[PDB]
K.L.:
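Input: one structure, supplied below.
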Amino acid sequence: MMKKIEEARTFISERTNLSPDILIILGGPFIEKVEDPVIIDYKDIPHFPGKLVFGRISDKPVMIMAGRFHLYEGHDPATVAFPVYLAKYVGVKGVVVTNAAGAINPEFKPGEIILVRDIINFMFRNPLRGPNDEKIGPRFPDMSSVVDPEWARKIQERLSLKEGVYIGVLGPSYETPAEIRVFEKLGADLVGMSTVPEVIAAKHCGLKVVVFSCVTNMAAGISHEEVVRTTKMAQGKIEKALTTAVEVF
Amino acid sequence: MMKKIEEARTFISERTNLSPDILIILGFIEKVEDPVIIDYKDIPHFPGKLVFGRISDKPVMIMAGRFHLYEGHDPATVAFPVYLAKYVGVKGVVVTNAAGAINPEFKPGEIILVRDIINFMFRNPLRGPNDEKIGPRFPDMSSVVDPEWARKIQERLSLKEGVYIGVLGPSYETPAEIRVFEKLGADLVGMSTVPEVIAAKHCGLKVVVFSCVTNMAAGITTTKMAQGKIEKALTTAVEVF
Amino acid sequence: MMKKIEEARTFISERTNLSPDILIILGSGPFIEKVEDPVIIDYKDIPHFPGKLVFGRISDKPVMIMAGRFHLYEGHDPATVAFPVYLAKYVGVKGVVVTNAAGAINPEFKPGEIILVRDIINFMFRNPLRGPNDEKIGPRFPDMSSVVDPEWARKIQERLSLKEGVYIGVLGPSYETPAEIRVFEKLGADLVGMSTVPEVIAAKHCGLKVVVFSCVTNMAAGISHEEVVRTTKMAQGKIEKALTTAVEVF
Ligand SMILES: Nc1nc2[nH]cnc2c(=O)[nH]1
Ligand SMILES: Nc1nc2[nH]cnc2c(=O)[nH]1
Ligand SMILES: Nc1nc2[nH]cnc2c(=O)[nH]1
Ligand SMILES: [Mg+2]
């Protein structure tokens with residue numbers, strides 16, 4: 001594991017000397033804004049399971065995952081997490097995880113960006129299962145404060161986004177109204193199929209975390225023109241969220 | 001996957017030219033007209049017996065025996081027979097199950113029309129790469145149970161309805177676990193149904209589900225003697241499809 | 001499976017003729033130090049094991065102790081976590097005392113306390129029985145209506161009067177979020193830990209009586225080194241007495 005990380009790191013190092021401070025995990029508007037972009041295809045990167053883009057956003061050096069991994073694709077949880085460990089050793093200090101989510105909270109609207117304040121793991125998989133390298137992180141990571149209080153406060157002082165709890169589920173089929181009523185009872189505001197594994201990895205290796213959700217739809221039980229409109233709304237709202245997060249870090 | 005389906009389909013086609021409209025999944029068979037039986041042990045890529053024939057003049061494909069994740073099967077393996085049914089030509093699936101009644105109004109021996117499902121198995125037969133020719137990457141599960149099929153069934157039978165929660169098993173639940181499931185809104189608990197329903201929705205089949213209550217669930221306080229009620233439910237479902 | 005059991009059993013037999021009545025499953029003190037005529041067998045030497053077994057007597061009663069246990073977060077198959085319990089059955093035990101470390105969800109529980117677990121919720125979504133079943137070992141579909149032996153628990157409680165709670169088993173290894181813990185509280189859990197469920201399912205399967213004790217190590221998420229040392233000592237001595245009582249009243 002540590003050998004795989006080193007191998008991938010060396011590969012990257014030979015293509016960019018950037019010392020990025022922030023990893024950004026995305027599923028145009030924002031990527032197109034990156035300054036002096038260096039692109040590295042996932043297909044060329046040792047031990048990867050898409051493209052990494054390195055460069056600067058508001059003068060700050062960043063590493064962007066243009067494309068991410070999901071347990072519904074068949075990936076082992078550790079594979080999903082590996083790019084995050086790679087980021088740590090390339091030198092990042094924080095991770096912005098974005099996701100697409102169904103709104104369980106009826107006050108949320110499709111197209112909105114929600115600051116995720118906490119997570120629930122309903123995937124019942126964990127990238128840490130198996131023997132642990134204490135050089136990478138502890139056996140039993142504290143998940144008492146997943147979202148960095150200061151980072152979120154500085155972001156919120158600028159953007160004043162809605163906040164919500166995110167529940168991660170395996171997918172790939174969507175949820176039933178019965179399932180969604182369960183999640184509502186259990187306190188979730190948003191449901192998606194990503195985020196949890198990479199957030200667990202990030203906390204493990206000691207990175208700071210913020211998470212944004214883009215509401216793609218109201219969850220089950222709760223026009224193409226409308227998907228067009230909401231897709232446009234989210235793109236520009238997420239660009240501002242992401243830029244703010246980079247700038248205040 | 002599509003190759004395994006085609007191989008199984010050719011096998012079946014060489015034994016029955018029936019174009020069945022409905023797949024019936026059973027753990028009534030004696031009533032089937034002109035029955036053609038095919039052992040699961042002979043069918044390419046199967047994990048029991050298929051019975052083809054007619055019920056109230058309508059052609060059907062029956063799974064006399066089904067698969068459960070508690071047996072050790074991969075979810076995709078549990079789902080395969082359903083994809084095979086699709087390509088043999090069925091349009092609907094009637095899934096039966098045995099269930100424990102969490103709703104204390106239900107009594108052992110009753111047939112309940114299942115109105116929705118909760119997946120508490122945390123397994124999905126779709127995990128892994130998806131063939132878009134079979135069905136979409138992200139199936140809609142907003143209306144699993146076909147509203148019209150269920151309405152026509154209910155107009156005849158007026159069954160109780162309930163929410164079915166699928167669990168792995170094979171050990172039964174503790175009273176603490178059953179109180180969880182009650183809080184979460186489940187009326188019935190069983191160890192089947194969910195994987196084959198997910199597969200059906202994926203490949204675009206209509207679905208109805210019936211549960212036979214075999215017992216009150218843990219903490220609250222037979223499929224053979226219920227065979228008559230289930231026979232009527234099944235026959236109604238076929239007839240109104 | 002039955003062949004693996006017999007192989008391990010023969011290995012043990014050749015080192016101890018004890019006919020132990022009770023298996024005690026511990027995480028790793030004064031309790032082990034108290035065992036009489038202790039015979040120690042390393043897990044590394046035991047056929048088909050995934051720590052040390054210690055055989056001997058506690059208040060004159062012969063016992064088999066697992067000094068060290070297994071967790072699904074380590075990467076073990078559920079059936080592997082369960083195997084020592086089957087082995088215990090065939091060595092002759094009739095009862096199991098499962099200990100664990102747990103986070104207190106119930107705000108009336110304090111770190112360092114021992115709680116008598118009255119029932120379990122499996123939120124690991126793994127089961128050691130998945131796959132084909134040997135009916136000589138136990139039934140295909142074990143009843144879990146009364147996991148904790150009513151009489152054993154009653155005789156323990158008559159002596160100790162411990163708090164009781166519902167234990168939820170989860171995979172880990174990362175700890176829970178405050179959101180996750182509010183889920184568990186709503187679902188009726190008093191304690192959360194990462195062990196117990198697989199071995200208890202196994203035990204019920206093969207027909208052993210079961211009692212479970214939790215040692216509160218901390219309040220769960222969202223609910224001092226000196227205080228760690230204070231509660232650690234408190235727990236040790238409290239668990240010794242719980243364990244000794246359980247053996248004595250069996
Ligand atoms: N699980 C789930 N994931 C999503 N990703 C985007 N929308 C949704 C949804 O409604 N449910
Ligand atoms: N899980 C579960 N499955 C069942 N199948 C039939 N009865 C029951 C029950 O009580 N619980
Ligand atoms: N899952 C879980 N396990 C534990 N083991 C000891 N303390 C804890 C806790 O707070 N949560
Ligand atoms: Mg060995």
Side-chain angles (χ1 to χ4, degrees), chain A residues 27 70 72 99-104 110 122-123 140 142-144 166-175 179-180 183 188 190-195 213-222, chain B residues 27 68 70 97-102 108 120-121 138 140-142 164-173 177-178 181 186 188-193 211-220 222-223, chain C residues 27 71 73 100-105 111 123-124 141 143-145 167-176 180-181 184 189 191-196 214-223:
Chain A
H70 303 88
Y72 63 72
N99 61 55
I104 301 171
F122 253 46
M123 283 166 173
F140 306 110
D142 172 32
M143 298 296 282
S144 287
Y166 176 89
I167 187 161
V169 302
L170 175 68
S173 40
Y174 288 123
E175 302 68 33
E179 277 161 358
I180 292 300
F183 299 164
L190 302 156
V191 54
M193 293 171 204
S194 67
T195 296
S213 290
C214 293
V215 184
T216 62
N217 55 276
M218 303 315 291
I222 304 153
Chain B
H68 302 87
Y70 62 69
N97 58 58
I102 301 171
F120 253 48
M121 285 165 170
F138 307 109
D140 171 27
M141 297 296 279
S142 284
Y164 174 90
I165 184 162
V167 298
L168 177 66
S171 38
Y172 286 126
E173 302 65 34
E177 281 162 359
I178 292 303
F181 297 166
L188 301 154
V189 54
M191 294 167 203
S192 72
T193 301
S211 286
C212 177
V213 184
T214 56
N215 57 280
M216 306 311 292
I220 285 145
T222 161
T223 98
Chain C
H71 303 87
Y73 66 74
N100 60 58
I105 299 172
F123 251 51
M124 283 168 172
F141 307 110
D143 173 46
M144 299 294 282
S145 289
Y167 174 87
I168 186 162
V170 299
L171 175 68
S174 31
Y175 286 125
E176 303 66 39
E180 279 160 1
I181 291 300
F184 301 162
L191 301 155
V192 55
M194 290 173 204
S195 71
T196 302
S214 289
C215 301
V216 184
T217 60
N218 55 277
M219 304 314 290
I223 288 144

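Letters A, B, ... mirror the listed sequences (proteins, then strands); counts begin at 1. Note that ligands are numbered from 1 as they come in the structure, with each ligand's atoms numbered from 1 the same way. Atom set for the values below is all heavy atoms of this structure, side chains included, hydrogens, waters and symmetry mates excluded.
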K.L.:
Look at ligand 1 and say whether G192(A) reaches it with a heavy atom at a distance under 4.0 Å.
P.N.:
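Contact present.
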
K.L.:
Has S173(A) got a side-chain atom pairing as donor or acceptor with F138(B)'s backbone, closer than 3.5 angstrom?
P.N.:
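The answer is no, because no donor-acceptor pair under 3.5 Å joins these two groups.
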
K.L.:
If the cut-off is 4.0 Å to any non-hydrogen atom of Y175(C), which atoms of ligand 3 fall inside it?
P.N.:
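Contacts of ligand 3 toward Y175(C), numbered from 1: 4 (C), 8 (C), 9 (C), 11 (N).
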
K.L.:
Of all the non-hydrogen atoms in the protein, which one sits nearest to atom 8 (C) of ligand 1, and at what distance?
P.N.:
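Result: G102(A) N, 3.4 Å.
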
K.L.:
Nearest non-hydrogen contact with atom 5 (N) of ligand 2 belongs to which option: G166(B), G27(B), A98(B), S211(B)?
P.N.:
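Nearest heavy atom to atom 5 (N) of ligand 2 lies in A98(B).
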
K.L.:
So which heavy atom on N99(A) is nearest to which on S194(A), and how close?
P.N.:
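Distance-wise, the nearest heavy atoms are CB-OG, 3.2 Å.
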
K.L.:
Could you give the distance from CD (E175(A)) to CZ (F122(A)), rounded to the nearest 0.5 Å?
P.N.:
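CZ of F122(A) is found 11.5 Å from CD of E175(A).
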
K.L.:
So how far is it from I223(C) CD1 to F184(C) CZ, rounded to the nearest 0.5 Å?
P.N.:
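So the gap between those two atoms works out to 11.0 Å.
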
K.L.:
Considering only heavy atoms, does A102(C) approach ligand 3 within less than 4.0 Å through its side chain, its backbone, both, or neither?
P.N.:
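Within the 4.0 Å criterion, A102(C) contacts ligand 3 through backbone atoms alone.
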
K.L.:
Considering only heavy atoms, does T217(C) approach ligand 3 within less than 4.0 Å through its side chain, its backbone, both, or neither?
P.N.:
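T217(C) to ligand 3: side-chain contact only, backbone stays beyond 4.0 Å.
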
K.L.:
Provide, to 0.1 Å, the distance between atom 4 (C) of ligand 1 and the closest protein heavy atom, together with that atom's residue and name.
P.N.:
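For atom 4 (C) of ligand 1, the nearest protein heavy atom comes out as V191(A) O, 3.5 Å.
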
K.L.:
Quick check: does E173(B) get an N/O under 3.5 Å from an N/O on ligand 2?
P.N.:
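Yes.
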
K.L.:
Looking at every heavy atom in both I102(B) and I220(B), which two are closest together, and how far apart are they?
P.N.:
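Here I102(B) and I220(B) meet closest at O-CD1, 3.5 Å.
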
K.L.:
Against heavy atoms of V170(C), which atoms of ligand 3 measure under 4.0 Å?
P.N.:
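The atoms of ligand 3 under 4.0 Å from a heavy atom of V170(C) are 1 (N).
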
K.L.:
Run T222(B) and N215(B) through side chain to side chain contact (heavy atoms under 4.5 Å, CB included) and show every step you take.
P.N.:
CA-CA 8 Å; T222(B) 161; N215(B) 57 280; over 6 Å; no

K.L.:
What is the nearest protein non-hydrogen atom to atom 10 (O) of ligand 1, stated with its residue, atom name and distance?
P.N.:
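In this structure, atom 10 (O) of ligand 1 has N217(A) ND2, 3.1 Å as its nearest protein heavy atom.
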
